[PDB]
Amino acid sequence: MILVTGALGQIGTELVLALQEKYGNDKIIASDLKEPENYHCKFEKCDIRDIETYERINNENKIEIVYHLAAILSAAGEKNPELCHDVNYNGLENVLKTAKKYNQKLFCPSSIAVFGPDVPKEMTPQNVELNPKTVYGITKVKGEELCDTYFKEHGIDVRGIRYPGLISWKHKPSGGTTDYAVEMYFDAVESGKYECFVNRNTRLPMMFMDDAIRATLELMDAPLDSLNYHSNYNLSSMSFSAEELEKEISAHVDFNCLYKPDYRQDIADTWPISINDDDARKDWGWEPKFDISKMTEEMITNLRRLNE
C-alpha cells in the first residue's frame, strides 16, 4: 500500500498514474489539501501539518510506502517564508515521525535549490557545502539532513533526488522559478507570445518529466545495500539558457519571446548551471533518455493536440 502526498501537483499528476500502472490501482492512495472531482485514484484530503489526520490516513489504509511530494516551492516560499518553513519542514517531520511509527519506506525529494553561489556552477559535485540563498533552499537542506538522521538513527529507508527543474505538459506549475520553461511552451503554442520572468541568459539544470518519474521509480526499486546516498542524489539531464529554449521551440512554432525579469531572477541567479550525477549513474544505473529536441517534440505535439 502506497500513499502519495502532494498528489495533485506537477509531479504527482504523473506519478500517481505511473504507480497505479506499476502496482495496481488497489495499492495507491492519493492525498492533497482539497478534494478534486473526476479523479480515478482513491483520494484522502489532508493538510500535511495536521499530524492527527495524516496519521489516521496512513494507519486506516495500512500504508507501507509514502511518496512525499507536498511542498511550497521556491518563488511562493520567498514571498511567504513562514509558510514555506511550516509546510516543508514541519510537513516532512510529520512524514518522518509517522514512517518511524509504522516502519514505512519513503521517497522524499530535495532540489538543486540546496546549492548556493559558493559552489561550482558547472557539474556541481554531490558532496559540496550547502549554503542556499533562498528560504526554499534552506528548507530542502534541513530536510536532507533530517531524512538522513531518520535513516542512520532510526533505520528508516528514505530515498530522495535533488530534482532539477522539471518540464511537463500534463500539469502547468505555479509557485516555482524553473516554471518559465514550461510556461514558455504553453504560451508559444496557445498564443505565439511569451513574457519570460527571467533574463534571456538564465541557465539552469532541466529535465523532462518522463525522465524524472522513471528515475524516482528506479531509485525506489534499487536494493538498499547498493545505495551510497539516501535523501539527496544529484540527478542530471539537460542544461540550457532561456533563449536557447526559445530557439528550440521557434524551430517548431512561430512565437516572440520578451524578457522581463522579476524577483525570481534573484532566486535563479544563485543556482548552478549543471549537476554531476555520477553517484546515481554508478549506484543504481541512472541514464536520462530525453534531450532538448525529443522533449520539445513531446511538449509541442501534446500541447497542439490539447489546443486543437
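The first residue of the shown sequence is 1; numbering continues from there.
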| query | finding |
| --- | --- |
| Between the two ranges 57-65 and 31-39, the one averaging a larger CA B factor in the entry | 31-39 |
| Higher-scoring stretch by recorded Cα B factor average, 182-190 or 142-150 | 182-190 |
| Largest Cα B-factor, entry values, listed residues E218, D211, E82, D157 | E82 |
| Given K100, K170, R200, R162, the residue at which the Cα B factor reaches its maximum | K170 |
| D279 by Cα B-factor - lowest, middle or highest third of the modelled chain | lowest |
| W286, C-alpha B-factor rank within chain (lowest, middle or highest third) | lowest |
| Record-listed C-alpha B factor of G175: chain third | highest |
| Assigned third (lowest, middle, highest) for the C-alpha B factor of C257 | highest |
| Chain-wide C-alpha B factor ranking for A76, given as lowest, middle or highest third | middle |
